[PDB]
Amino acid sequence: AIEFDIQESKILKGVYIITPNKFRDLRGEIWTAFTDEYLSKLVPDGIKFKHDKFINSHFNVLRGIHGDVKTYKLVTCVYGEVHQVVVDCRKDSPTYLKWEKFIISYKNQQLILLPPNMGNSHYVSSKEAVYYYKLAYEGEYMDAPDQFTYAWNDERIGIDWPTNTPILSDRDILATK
């Protein structure tokens, strides 16, 4: 049986929390992270999920804050634990530059749907983590130089991260200075 509970965020409009059912036993756990039948209605008609991406990171690695005008993202953690933070980067939104954190652990499977013009970021709180995400967009893939970046610790956003000394990419450091 393949079920998804779907709930809009109470605080960031258009952000959805997707909870799959999981079958569990002595062997481990099985779950379906996505079906076209159920979850393709999370994005407008004509836009399809067409990219699957994995990020394997160590403890204390912080990726973000990244977004662009075009790309819907469905994000989760399939091993370990991450603090996922979605930032509202929509200038017309009443919650512009506000954020919401989801602590996603592979034990408690949950996927977050971000529309375009939102900031995606996460911090690895486990020893190791595997972050999975699906990208839906029209046309060509939106490369890093064409995306926007906000500093992880940008004072206008004020994200509560568990550390002051994260391990950062050169991209994510550059947005800091």
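One rule holds for the numbers: they count along the sequence shown, beginning at 1.
Problem - Mean Cα B-factor comparison, 112-120 or 24-32, giving the higher one as deposited - result: Averaging CA B-factors over each stretch, the winner is 24-32.
Problem - 100-108 set against 77-85, stretch whose average Cα temperature factor tops the other in the entry - result: Result of the comparison: 100-108.
Problem - Per the PDB entry, maximal CA B factor within 39, 135, 55, 62 - result: Answer, based on the entry's C-alpha B-factors: 39.
Exercise for the section: Could you say whether, by C-alpha temperature factor, residue 130 belongs to the lowest, middle or highest third of its chain? Expected result: According to the entry, residue 130 has a C-alpha B-factor in the chain's lowest third.
Handout entry: Ranked against its chain, the third holding the CA B-factor of residue 19
Key = For residue 19, whose C-alpha B-factor we compare with every modelled residue in the chain, the answer is the middle third.
Exercise for the section: Just say lowest, middle or highest third for the CA B-factor of residue 153 relative to the other modelled residues in its chain. Expected result: Its C-alpha B-factor belongs to the middle third of this chain's values.
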